[PDB]
Amino acid sequence: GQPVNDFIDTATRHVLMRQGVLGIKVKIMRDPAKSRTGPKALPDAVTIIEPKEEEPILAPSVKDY
Amino acid sequence: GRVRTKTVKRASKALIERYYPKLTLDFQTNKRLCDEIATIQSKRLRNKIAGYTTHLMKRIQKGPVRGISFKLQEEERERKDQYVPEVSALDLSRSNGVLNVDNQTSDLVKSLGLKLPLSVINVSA
RNA sequence: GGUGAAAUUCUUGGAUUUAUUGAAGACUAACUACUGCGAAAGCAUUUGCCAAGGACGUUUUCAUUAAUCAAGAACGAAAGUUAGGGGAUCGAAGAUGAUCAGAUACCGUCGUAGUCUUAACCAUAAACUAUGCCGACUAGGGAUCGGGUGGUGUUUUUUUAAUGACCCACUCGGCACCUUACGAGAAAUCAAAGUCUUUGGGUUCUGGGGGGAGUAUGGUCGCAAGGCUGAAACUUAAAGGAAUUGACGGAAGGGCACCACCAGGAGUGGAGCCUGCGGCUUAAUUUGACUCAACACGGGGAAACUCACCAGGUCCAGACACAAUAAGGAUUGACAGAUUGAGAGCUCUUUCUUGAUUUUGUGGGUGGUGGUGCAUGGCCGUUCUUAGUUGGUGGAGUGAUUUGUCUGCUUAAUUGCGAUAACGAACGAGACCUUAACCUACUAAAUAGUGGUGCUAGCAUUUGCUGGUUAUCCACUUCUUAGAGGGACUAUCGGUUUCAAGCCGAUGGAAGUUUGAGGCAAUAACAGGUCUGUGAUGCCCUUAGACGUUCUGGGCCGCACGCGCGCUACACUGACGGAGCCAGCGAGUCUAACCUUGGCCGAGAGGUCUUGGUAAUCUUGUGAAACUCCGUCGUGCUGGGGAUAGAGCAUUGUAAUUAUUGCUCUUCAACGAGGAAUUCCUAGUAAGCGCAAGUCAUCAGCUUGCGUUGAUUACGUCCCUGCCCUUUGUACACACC
């Protein structure tokens, strides 16, 4: 779909040999992590921010200034 | 045709696995919370993830869901499994201190074991 | 009766059906089994004779008397060698009736030889366990049949006794079965098909690639069919076994599809026309494409051009290298006449000009809508409106391969819940992107509107209504625009399932089918189309009287006929005349005539003078059409239809004849709802209706989009045609054409 327009690039070249013409097709995708503009990840990629653990009692009190 | 894909289901299971005491049982604040604690590219995908996440706790608070351990279901389980009964099941107190084996078990302990309190039961067809 | 349907046949002489009574015709239905006996073929209700047999029991007896066996014998499924009886159920044949292209067959009705004599088969079967017989060993288990042994076992009755029957254990001998594979095997599989290159227990028979061929000839049994024995010439590179992956099946199971059906709608096929294709014709009627996946397709609506075809006339735009002519001139151009369709110095008569760039020859160069798409690149179409595809590591198998990629449920989905010798992944799907829906929330718009304020018009007059006023001014963004956003995730509730993925119902919501529609889109493939899109291109051809290129005419449109896509109709739900008046997608000209408002002339087509617009500004509110009132028509091929044809007026174009097209008058055909067949379609959908754009100089009955009006019928099924998965058969792999 749309990721083909974003990350996939293509080129077609005709070479001329003795027997005729050979076609060259090159398809390259760059990883979206190195992308500067546009989306930086695949549409179906979901990252979870790791939570920070906490101790249970936390000593009920008040601190003033 | 409302079946969720594995992208929605695996992400929602991963969300509950580490963020149980932050999400509630309604979709409105669940989709609001998923914007910070998760990175989802599209609005349609995060609505589907949060909708299935809320649906999963519609049965998690109903009962334990297999395949999900959400950091709260763990420590009451390794609290529960040290069931040490106050009386044994193999100490002969519900009986009269004597276990009622049959005749074939009596000469078993007579041949090799030491003297113990046994009985004789005429077990037959 | 009888059949898928029917027919032959029997039926007031009473068929079929019912009762009663008799008489001849395999064998013994149920019991009947992974049960018994027998050498095999084979053998099932009884009862009685006649001999026979295995197994078991045995502290009986003989003492090697044995195993397998050329020659030689016995026994035998059935189907006809041959000679009495009894009497057809089935079909050979035969009679008939169907079906069929035929049907001498399958199917129906009847019937002679044909498992009933007593008396032979020569002895043939897929006579099969396609596995010779005798002996030993190697592995576990539960059943079962026959015998035997044991149980301080059950029941039968006299109370237990005797038997019998049953239960538990063991043993011998059988028919077999289940699990593994130490072991074998090419595998399928096998407790033997094991104990086999670590190759020897005993013995009999058979085979040596496929056919020719169980044929010829000889013998023998043979009154018969025919058995038993049994070659060669010649011919051939495979035939064959087991398994794997596909494909196919008039095979099975589970699903799906208006390019399938169902229930319907609108139709097409019938008529006229115009538009492609074929055929015929022609100087040429250029050509490619022929089921889906050729035929309003080549963006192919061709007057010239296009143009590739035909009849003719020019030009080199043949670069460069070499050689030759050649400043006592290499060569080009031309007035007039002839000639020519021609004001082509084409070519000729004449004699001027130009002059070293040219001319000729030798090589090459270039161009080609010339051929080859079966030599190719790229692009597209299709397989394929479906959900499928592949590594890594591990498991199975000698191997091709297989598992993962799956029993079940669910989904639009190999979508998921799950189960699991698999685990972890990748592509496809989904996600994604575009568009149409909601926002009194933001961002502000004289190139979009709204309200008030000024000026001013008409009525009413009472303070009101309908307007106009290019910016008079002020204010706002509801309507319109476009930036960033929000909103739906099946939310809530109820009901169903293994209690999951999900599905259904209701409420709320702008939106509950994946929200509607698209774009994009796997692995593998087709001798699919394109060399006529390309200065994309190999090979072959041509290259100067050219297959180059250009110019004049013509053709592509030619019509005894056949086919496909369509347009207009067969009228009253209508035709015609006035009246109302309602959109959306878009396009539009600087050194060039594009979209054109408005005023005037003309019946119309159209002509003329200006203006606005390089565009949310003007065309344009595109005042579109179907639609709606009022009236005429009156069931009549009529005033439905406008085909065909005649005369004239205009526009574009160098040119309109073979009518370009537009307008006016006249001419007034078929067609009365369309046979067999056949297409498309499930909601703002089909259908009706018109509008913009492409092509354009002129031509739209075509296409790409758009809006107007707006339904009936389903919420299913695999019946027809196809598709996906699993199982299954295969002699198919060019893969059922």
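Each position is counted from 1, following the chain as shown.
Method on record in the header is electron microscopy, 2.9 Å.
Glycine residues also receive a Cβ, built from the backbone N, Cα and C atoms like all the rest.
The candidates are A:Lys34, A:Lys40; Swiss-Prot tags A:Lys40 with the feature ubiquitin cross-link. Per Swiss-Prot, the residue annotated phosphoserine among A:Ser35, A:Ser61 is A:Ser61. Checking A:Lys27, A:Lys52 against Swiss-Prot, you find ubiquitin cross-link recorded for A:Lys52.
Counting every protein chain shown, the number of other Cβ atoms lying within 10 Å of the Cβ of A:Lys52 (ubiquitin cross-link) is 5. For the recorded positions listed here (A:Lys40, A:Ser61), the lowest count of other CB atoms within 10 A around the CB belongs to A:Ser61.
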